[PDB]
Amino acid sequence: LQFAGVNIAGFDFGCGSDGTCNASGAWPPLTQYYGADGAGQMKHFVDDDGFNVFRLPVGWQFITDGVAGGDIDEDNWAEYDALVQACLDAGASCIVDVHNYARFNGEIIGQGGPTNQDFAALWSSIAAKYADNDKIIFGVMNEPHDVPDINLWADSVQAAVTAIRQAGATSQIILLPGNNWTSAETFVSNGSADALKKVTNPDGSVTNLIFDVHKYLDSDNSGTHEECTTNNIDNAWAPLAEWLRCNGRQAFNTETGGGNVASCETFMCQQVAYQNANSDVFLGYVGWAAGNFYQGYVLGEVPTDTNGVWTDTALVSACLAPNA
Numbered sequence: 246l247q248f249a250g251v252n253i254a255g256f257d258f259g260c261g262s263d264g265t266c267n268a269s270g271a272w273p274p275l276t277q278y279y280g281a282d283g284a285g286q287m288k289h290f291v292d293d294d295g296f297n298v299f300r301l302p303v304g305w306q307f308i309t310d311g312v313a314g315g316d317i318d319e320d321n322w323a324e325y326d327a328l329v330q331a332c333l334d335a336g337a338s339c340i341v342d343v344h345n346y347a348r349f350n351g352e353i354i355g356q357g358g359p360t361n362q363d364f365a366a367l368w369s370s371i372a373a374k375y376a377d378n379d380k381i382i383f384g385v386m387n388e389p390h391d392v393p394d395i396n397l398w399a400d401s402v403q404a405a406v407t408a409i410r411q412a413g414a415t416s417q418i419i420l421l422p423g424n425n426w427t428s429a430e431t432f433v434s435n436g437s438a439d440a441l442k443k444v445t446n447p448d449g450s451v452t453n454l455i456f457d458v459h460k461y462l463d464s465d466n467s468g469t470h471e472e473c474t475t476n477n478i479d480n481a482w483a484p485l486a487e488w489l490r491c492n493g494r495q496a497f498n499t500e501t502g503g504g505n506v507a508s509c510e511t512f513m514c515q516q517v518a519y520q521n522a523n524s525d526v527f528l529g530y531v532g533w534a535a536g537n538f539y540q541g542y543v544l545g546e547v548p549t550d551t552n553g554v555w556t557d558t559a560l561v562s563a564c565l566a567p568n569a
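In C-alpha cells form, the structure reads like this:
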C-alpha cells in the first residue's frame, strides 16, 4: 500500500546466479541503447496504472567494468543513470539494485570473494551519486543464496549501510536482503531476520532499514512456470507479518509475479489484497518483469505502445496495478 512497482530489466541480462556478469551481455531498457522504451513504460505505469516505484537491476561488473571494487566506470554509469533519470522523470521513487547474488565471479562477498570493504567501496560511490535525492532506494543486493554464514553476511550488509550513510544518503530507504534467494517463506526460520535485525545506521537506529524479500507463486518458488499454485499467505506472508509486527520492523517484497493466466489472476490477487491488509509492516510489492523481455516471456509484464496508447498484459490490468 505505500509502494507498488515493476522491475525494469535489461542492465542485468548476462548476470548469472553465481555473480558472474558478462558485462557485454547487458541490454539497457531504453530507446537509445537500442532497447525497449522503459522511460515510456514507466510514464504509463505511473499515469495510467498508479505505480509508484521501479526496480532497476544492474550488475556490479557493469558499474565498474569488471572490477570487484568501487571505481565507477563513467560510460557505463551514463547509461544506467539515464534510466534512473527516466524513472525520476516519470515522477516515481527508484530502487537501485545490484544484481549479483552476493557473489563476484563465483565467490561470495565477505566469504571467499570480495571483502566487505571492496563492496562498501561500491556503495559509497553509488550513494555519493544520488545522495541528496530522497526518491532513491538503495537495494543493497539481489537474492543472496547458498550462503554458509549469515552473521557474516549481515556484517557485509552493515558495511554497505555505513558506507551509504557516510556518503550522505541519510534520508533514503536501504533494503537489506537475507538468504535462500531472500525467500519470504524462510526469511525468519533460516536465521536471516534476527541477524539483519542487528544492522543499524551509524547513530544506532533502524530508521529506513527495510528488509527485502522475494516470493513467487509457482510450485518450487522458481518463477519459471506459467501456472500459479498459491498465494503464500499461510506459509509466508502471515508468519512474516507476525514477526515483523511484534519486532517493530517492516519488509518490502521486491520481486513477485506469475503467468498471464487465470490461476495467477486469482492467487496474485489474494496476495496483493493481503499485503494491503497488512500495510503497516509491508511497504509494497514490485512485479517481476517489464523492461525488455520478449513478448512471450513466461512472467512478462511488458505493455504495448500503439501510437501513444498503452495496453497492459493480463496480470497487471487485473491484479498488480493499484487501479483496481
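Position in the sequence shown counted from 1, then plus 245, gives you this note's numbering.
Here a beta-carbon is modelled for each residue, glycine too, at the ideal position from N, C-alpha and C.
DSSP places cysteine 332 inside the alpha helix (DSSP H), whose first and last residues are 319-334. Within the region 456-530, the beta strand (DSSP E) runs of at least 3 residues that lie entirely inside it are, in chain order, 496-501.
Looking at the backbone, the Cα of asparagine 446 and that of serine 416 are separated by about 11 Å. In this structure, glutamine 495 sits near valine 526, with a CB-CB distance shorter than 9 Å.
Two segments are said to touch when three or more pairs of C-beta atoms, one from each, lie closer than 8 Å; by this definition the region 481-494 does not touch the region 553-560. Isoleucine 409 and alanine 372 have their C-alpha atoms roughly 5 Å apart. With a 10 Å radius around the Cβ and a threshold of 16 neighbouring Cβ atoms, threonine 309 comes out buried.
The beta-carbon separation of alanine 331 and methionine 287, rounded to 6 Å, stays under the 8 Å limit for a contact. By the neighbour-count criterion, in which a residue is buried when 16 or more other Cβ atoms sit within 10 angstroms of its Cβ, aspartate 377 is exposed.
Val385 is the residue among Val385, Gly283 and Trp555 whose C-alpha sits nearest the C-alpha of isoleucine 455. If you ignore the 5 residues before and after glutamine 515, its C-beta comes within less than 8 Å of the C-beta of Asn476 and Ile478, all in its own chain and listed in chain order.
Within the DSSP bridge table, the entry for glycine 536 names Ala254 as partners. The region 427-438 and the region 343-363 do not touch, with fewer than three beta-carbon pairs separated by less than 8 Å. Boundaries of the alpha helix (DSSP H) around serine 370: 361-373. For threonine 452, the closest alpha carbon among the candidates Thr469, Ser464, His459 and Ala414 is that of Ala414. Rounded to whole angstroms, the separation of the alpha carbons of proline 567 and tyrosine 325 is 27 Å.
Between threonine 427 and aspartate 457, the C-beta spacing is below 9 Å. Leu441 is the residue among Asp342, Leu441, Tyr542 and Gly261 whose C-alpha sits nearest the C-alpha of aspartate 394. Between the alpha carbons of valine 547 and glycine 536 lies a distance of about 7 Å. Boundaries of the beta strand (DSSP E) around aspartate 342: 338-343. Bridge partners of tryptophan 305 according to DSSP: none are assigned.
Less than 9 Å separates the beta-carbon of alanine 249 from that of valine 531. The C-beta distance from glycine 283 to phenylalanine 349 rounds to 26 Å, too long to meet the 8 Å contact threshold.
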